Structure formats: C-alpha cells, structure tokens
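What the coordinates show
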Amino acid sequence: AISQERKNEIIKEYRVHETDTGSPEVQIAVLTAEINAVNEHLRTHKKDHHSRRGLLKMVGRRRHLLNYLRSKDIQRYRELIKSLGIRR
Amino acid sequence: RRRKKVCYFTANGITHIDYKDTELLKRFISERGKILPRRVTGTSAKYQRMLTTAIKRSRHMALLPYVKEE
Amino acid sequence: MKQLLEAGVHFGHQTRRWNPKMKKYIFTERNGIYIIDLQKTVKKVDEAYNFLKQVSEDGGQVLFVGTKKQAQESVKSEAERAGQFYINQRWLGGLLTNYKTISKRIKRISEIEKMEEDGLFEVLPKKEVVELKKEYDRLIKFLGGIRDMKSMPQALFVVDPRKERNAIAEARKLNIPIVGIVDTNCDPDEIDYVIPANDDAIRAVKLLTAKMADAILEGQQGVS
Amino acid sequence: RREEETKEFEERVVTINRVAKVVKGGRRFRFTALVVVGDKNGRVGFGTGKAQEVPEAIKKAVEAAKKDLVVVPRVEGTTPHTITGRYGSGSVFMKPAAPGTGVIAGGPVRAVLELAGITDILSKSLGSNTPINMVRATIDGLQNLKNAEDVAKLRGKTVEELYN
Amino acid sequence: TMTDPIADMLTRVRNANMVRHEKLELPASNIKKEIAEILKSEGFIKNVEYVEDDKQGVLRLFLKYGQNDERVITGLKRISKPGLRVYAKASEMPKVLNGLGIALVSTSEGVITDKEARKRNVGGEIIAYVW
RNA sequence: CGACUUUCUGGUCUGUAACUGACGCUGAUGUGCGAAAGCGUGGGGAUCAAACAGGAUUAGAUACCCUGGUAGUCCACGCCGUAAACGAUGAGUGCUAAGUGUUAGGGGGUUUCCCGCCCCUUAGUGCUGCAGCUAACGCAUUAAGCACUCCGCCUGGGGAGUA
RNA sequence: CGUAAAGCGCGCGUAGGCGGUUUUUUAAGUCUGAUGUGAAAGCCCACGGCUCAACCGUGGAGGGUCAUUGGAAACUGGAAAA
C-alpha cells in the first residue's frame, strides 16, 4: 500500500545501523516490497496509467541506487541480491 | 475580496457537518433548494468544497429535498 | 538651510505604488504609509542650497514650475519675491527645446498689448475685439506672467516630477542640472539635485519654496 | 543636444528614397534622405529628415545631425581596438589596421568612417544591408569604445603597464 | 545539478553590472578566490573578502563603479566551457584588447593574468576573457 | 479529470532535519501511453447525431433552413497510433527592479482567546510593468533576459508529404 | 527554431555527452625543453644570376592530429581519503 508499521519493522533488519534511515539497502528493500504490491494490483487491474508509470520510475531508481552500491562496496551488492532474491 | 465579509467559518470547524447539524445547512442554502455559492456567503473555498459533498450526501438521506419549490 | 525641527513638518506621502529604487531614503513604513528619512534630508537640502546659491553668484537664471494645484499661490509668491520668471499651469509642448516658438510668443504679446493705447477696443467691429481680448486673456493665463525669458536658462526648479515628466525629459535632452521636490513615488535618477520631501502638505511646499526663493535672492543681490 | 556651427564641417549624404503616403484619390509622396556629419578630426554624427524636396530635406537632416554628437575615441589614426556593432540585426564589425591600409567597408559606413577622420581601419558589414541600421550600429560601436586613458583612470593602476 | 561554477560567477558578475549593486554573494572556491584576487589586482574589484560557513563560501565581493556610475568593462565571458575544453600555448596566447583587457589563464604553476603567462613562456588552459 | 459512498491503487508540496554522502542532468536506438473520429468482437440504443428521405428557400441547392432518420455517439476486450497534441515557447541548473491577486501550507507580533488583523517565508497559479531582449508585436522570476550541458530540427517556394 | 522553414505528443529509460565541495596522489590530456623525423621541387622571406620582369638558383623560416624522452601539476582525466 504501503504501511508505516511493516515498513518500520522490515527496515530494522536491513538498516546498516540502528540510527540510520538512508542506506539504500533499506531503500532497495522497501522498493522491492512496493513493486511487488503494485504489480499484484496491476495484475488485478490490467488497464491504468499511473500504476505502470510508477512501477517504471521506482524500478529505474532502484537500479540506479543498486548500481551506486556496486562502486562504493562489492560484497553489499551480492548479499542484498541473494538475500532479497532479486537482480538475477 | 469584494465579496461579503471574510472568515464566516468562525462558527464551524475543523470538519462539518455532514448531516447532523441543520444549523449550518439552512444558513448556507437558499429557499428554493439552490445552494448559496461563495460570493454571497463570504465563506472560504475549502468549506464550500466540503458543503458541496455534504448536501450531495444529505439529500441522499431524504433529510433534505433536491429542490423545494412548492 | 535645514534643521530637524523644520524636518518635523514633513510627514508621509501618497501611497499607491512605490518605486524600489529609493528604499534607501525610506526610514520605516508605519500606519500603512511610507515615510522618508530626514537625517539625509538636511544634508541634501544644505547642498542644493549651496549649488543654487552658486548658480546665483555668476548671475544665474532659473525657472519655477507650479502646475500642480495647492502650489500655485505659493509658487508665484516665492518666484516674484525671488525676481525670476515663473509658471503655475500648462507647460505648452516644448519650453526648453522649441525656442523658435517662445520668441514668437513673447513677440505676439509685445505686439498685442501695445495696440490698446492707440485704440483697439470698440475702435472696430465686435468680431475682432472679442477675439483678441479672449486671446490675450488665455495667453497670459495659460502661459503665465513670464515675459522676461530671453536667454536660454542654465538651471531649473520643479514642484513635482510625476506630473512634469515631459519637461524634465526635455531638460535631460538639453543636459541642464535639475533640482526640484521629489515625492517618494517619482523617478530618482531623472534628477541629479534631489530633495526627498513631501509635496501634498501646503506648509511643506510653502517652506521649501520660501527657502529656495531666499537662496536665489541672496545669491542674486550679491555681485553677479 | 548641443549643436555647434563653430568647428569645420563636411556634409555627407548616404541615400535618398522616394517615399509615398497613399490617400483616397491621389498618392502623396515625400522625399527622404539621411546624412552623416563630422569634422573628420575626432567628431561625428548622423542625421535623418524628410521633406517634399531634396535640398530642404537634406538641410533638415543636417540641422538635426549636429544635435546628436559623437566623441569618437581615436588613436594613431585608427580605432584603439576591435569591436562588433549590433543594432536591430544591422550587425557590423571593426578591427584596427597597420598604417597605409585605409578604410575598407560599405559605402555608407565608409562615408561614416572617412568623415570621422579615421585613416586606416578594417571592418566588414554583416547582417542587414540597409544603410540606416548598419550606420546606426557603427555609431553605437563608437559610443561604447574606450581608449587607454579612458580606462586607466577607472582601474586603480595606470597606463604604461597596460597599453596597445 | 550545476554544470559549471565559473559560468555562475560570471553570470552573477554581469547581472550585477546590469543593475549596479556593490555587494554580491556566491559560493566560493579556490579557483574562485584566485580569480577574484586577480580581478582586484587588475583594478576592477574594489575589495575582496572571503567568509566561512557550512560548508563552502560564501564569497562576498565588493564591486567597483566610476564617479559618473560608469561600468568599467564593456563585456565579460568565458572561453573554456565543458564539452569543448580549450587550451593555449605560450606564444599562441591571445591578446584580447591588448593592454586594455586581460586574459585569465590557468597554468601548470597557477592562474595568472595574460601578461605574466606570455612573459614566463608558459601557457595553459584559458578560462575567461575580460575587458 | 467535475454525480455521490466504499475497496484497491500512482503522484505533489511544506516543515523537519536527525539520515545515505554525488549516488546528478540531458539522453540517440528501444518501449509504453496517447484526443475525437475509424476498425474487429457481442450487446444496448432513452436522447443527440454522419449517410439518407420529405418539405422550404433558392435561376438551380443533393448546403445552410424545418421534420424525421441508420451507422455512430454507450458498454466490455482488442485494433490503429495521427492533430493548430500550442504557451506555434525542448528538458535540467544558477543569477537579475517592483506592485497586485488566487490555490494547499509554515514562522512571528497585535486580540482575555486571531477565528477575527498585519508582516515574513514557500511552491505553483495571473496580471501591470523596469533593466534587457525582439522584424515588431511582445517576453519580463510562470523570460522569448543573463549563461552552461544534453537532445530534436531548418537551410527558398511549388513539386510534396508526392513518387 | 513565438509569429518567417525549423521543439517530434508525451512519458520510462540503455549506449553516449556532461559533471557538486575539499585533501592527497598519478601525470593520460595539457603546458614546457631537447632528440629524430615531416624528401626534394613548390608557397613565404632574403639575396644572387638571365638587359629587367617572368624564371632559375641559393639559404632561411614555415609546415605533424608525429614518436622517444627530461620537467609542472592549477585545470581535464586515473586512484585513494574527507
């Protein structure tokens, strides 16, 4: 939808430390949850324009940040991709 | 604004009504059934946009006629 | 001269729109109007006093415009006391760059005043006399009493810029040093000898005109 | 502004047109002619005017020409430096030249520069070919032209450390 | 995203010329301080004053104007801009306005006016003319 | 995009500033959406309305005019993929006089209580206008000004968007 | 590139182009010096000789997006750190 409760719950395990709120690992995780949610609703409703526009924008941003973490660090990319089971 | 006195909202807020207070239905509407728009009442834009849907719902209740000409 | 107690008469201006170029003169707006500062007013007025007196020292000549209402009765008094030519009404199109018409105007005046002696009125049909009398009346009225304008002037005084754009622009075309009262709603940089003072007040304009007349007079009575 | 008939002068006409005003019935025309005026020693000015006849029109243009005047910052019989004039798409471009070259430009602008007392100068008209706009652009370029003394006073330093 | 800070400073300078205000504000930089110092050393800048606050800048400069309120330069622009960077040898270095103007140029030993750069026989990447 | 209520769902701004520390902008090719009309598939058709019928005007009117009137306008899924699709103004960033409003906010003072008032800050949303700019008209912080990066495009008209 | 021909309808975005602030570092670009080379004839300059010129000769300069190598590190670029 999403909900602040489940968001705040899931970010605690993926945050790099307790006090942080950025750390795109957090962002990649919440974006992945968001894209699955919107994709389920978009399969529920085949025709619309805001949904697919949104999905494309968030996928683009997720890829941009995922590529950003590919140059800052090299293990983080791997641990996230095989933990979220994403970016084949 | 050159319309009537501003800040008519001094007697209502933050949200209203929707149907339980005829004390702000009949003031803001005419005698034939028509709505009084913002120009004569002097109220704000937001309160007008709420009272619009409010009468839409209240005429649904049969508490209020769509048009009262007889 | 200027002193702060004489600066206490000046208060407020007309407030319909204010040019952002002269915020520096503004002290602090209050009661819904803008007021002009007075500390710089004394210094500027003292200076303009000095320049006007210097103009008078060499035997100068200055013009007085009073086209605005509630100023004429003071403008004529101070100019006639001053001993220099004067205006309180219509500035006919061109009076500092159209010299070929001013000479003919004063020449027509010199012509048509004198025929009253040898017989002008009733000495002929009603048609011409009724025309010439109204001609003389309107000429002296809307031109003024000025009949001594002979040598092109080197400085001018004005009552208001906002009404008198066309003449202040004509003077800029003739690169003459300009001095005159400056409302807070007028172009500052069109005038080089500024006086940030009020103009609506009858007493304010009266005192400013009296002081300027005394300045021009003091400078003229000395060897020129 | 401040016309003077005290210096020497050289009248010079650029173009004449037969210009018409159409009314019901006939067709009214009034000749036009532009002129440039200078003493070819460092002072120049252009002029325009219109009348029903040639001599009266050109006299009007000349008498209006002295009223607009140009200081013509000049040095060594050449402009101090190179510039580009621009006025209403009538662009123009000038550049100094070694002595013995001479003014090379279009007819009107040649007359403008020959009559402002410049001997050797390089330039080429651009954009529009109508005499009036390029002549006015040329004069505009001369208005915003500066010399070594005109700048050395402004900047805190002096001449002989910055010089052409 | 700002593509070029030199373009910003020169636009600020010219836009200060068109309305005439003694003071202007602009995020500083080491190259910016150096070129401001050379601007003051030519004579175009009345005074220079760097300040520090979080984080960079902000360089405050005091303009200069003639007694009749006349702008000193008649134009000001850059040459080396992104995409098409430019360079200049020692002999090939251009004399804009000759002595009149100067040609700011960055060299292997530092940024200097056009003159010294041709005197020492060391060129560099030009940045902006001024005149 | 203007009927209401709910279910699900995408975006925007302000403040905050704790946080990630340049991760940004433009962006060929590629992909998708894309007015109305038009088409495939099945219904529905109360109105309105191409084609068409009658009459009237009209030298003549298959046009306007009046009365009907099918497809169509409607729905559901696909199809196509142009337009004066405009602000005839490409996107992103920074700077440059003002005043006046409007929409959703914020800070402060004035009031026993601001909800009554004012000032200040935002962002859009307008107008009048200075500098400047333009063939001129006009643009003017919602630049067609002052610059930078990137993309698209033009190099006379007809031929011709034709082969 | 408002109206004159010229901003596609717009959106998501690859390749590419471009790049906030500071420090250290590399020296690829850049700047700078040398070395070899850019045939000769030709262009230009200077001189000389055909009676002069044309012409020819002589010598010089000039000519690389050139290679090697000695230095500089502001800027572009590479690396590392804020």
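Residues numbered from 1 in each chain as written, not as in the entry; some residues may be left out. Chains lettered and ligands numbered in written order. Part of a larger assembly, values for the part shown. Heavy atoms only, no water.

Next up on the list: the side chain of C:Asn198. Here C:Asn198 shows up in the loop between β4 (193-195) and α7 (202-221). Sequence-distant contacts of C:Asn198, defined by excluding residues within four places in its chain, comprise C:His10, C:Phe11, C:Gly12, C:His13, C:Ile181, C:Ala204 and C:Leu208. (Helix = DSSP H or I, 4+ residues; strand = E, 2+ residues; numbered from the N terminus. Contact = heavy atoms within 4.5 Å.)

This part is about a positive patch on the surface. Residues and elements named next belong to chain B. Taken together, the side chains of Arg1, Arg2, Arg3 and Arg39 define a basic patch exposed on the protein surface. Looking at where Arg2 falls in the secondary structure, it is placed in the segment before α1 (38-41). Relative accessible area serves as the criterion here: at 88%, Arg2 is assigned to the exposed category. (Patch = residues over 30% accessible without salt bridge, like charges linked within 9 Å, V, L, I, M, F, W, Y side chains within 5 Å. Areas by Shrake-Rupley, 256 points an atom, 1.4 Å probe, with all protein chains shown as cover. Salt bridge = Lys/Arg side-chain N within 4 Å of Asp/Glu carboxyl O. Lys, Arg positive; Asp, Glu negative; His and termini not counted. Charge placed at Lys NZ, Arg CZ, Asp CG, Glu CD. Buried < 20%, exposed > 50% of the residue type's maximum accessible area, 1.4 Å probe, protein only.)

Around RNA strand F, a shell composed of 45 residues is seen, among which A:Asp20, B:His60, D:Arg86, D:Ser89 and E:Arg14 lie nearest. Each atom of RNA strand F within 4 Å of the protein was assigned to sugar, phosphate or base; sugar and phosphate come to 88%. B:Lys56 places a side-chain nitrogen or oxygen 3.3 Å from a sugar or linking oxygen of RNA strand F. Within the backbone of E:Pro82, a nitrogen or oxygen atom sits 2.8 Å from a phosphate oxygen of RNA strand F. Mapped by element, the contributors of at least two residues to the surface near RNA strand F are α2 (24-44) and α3 (50-72) of chain A, α2 (45-58) of chain B together with α1 (5-17) of chain E. The greatest single-element share of the surface near RNA strand F, amounting to 7 residues, is contributed by α3(A). Residues that form the surface near RNA strand F fall into these classes: 16 nonpolar, 16 polar and 13 charged. (Near = heavy atom within 4 Å. Polar contact = N/O pair within 3.5 Å; in protein donor to acceptor, adjacent residues only side chain to side chain. Nonpolar A, V, L, I, M, F, W, Y, C, P; charged D, E, K, R; others polar.)

A word on the domain arrangement of chain C. Residue and element names in this part refer to chain C. What the domain assignment reports for chain C is domain 1 (24-91 + 155-224) and domain 2 (92-143). Opposite the 9 residues of domain 1 that make contact, domain 2 presents 8 residues. Both sides together, the interface formed by domain 1 and domain 2 hides about 920 Å², and carbon and sulfur atoms give 62% of it. For the domain 1 face of the interface with domain 2, the top three residues by lost area are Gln89, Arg90 and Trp91, together amounting to 55%. Our enumeration of links across domain 1 and domain 2 arrives at 0 salt bridges. Put simply, domain 1 and domain 2 have 3 residue pairs in polar contact between them. The residue inventory of the side of domain 1 that touches domain 2, partitioned by class, reads 6 nonpolar, 1 polar and 2 charged. (Domains from an automatic or database assignment. Buried area = accessible area lost by both parts, 1.4 Å probe.)

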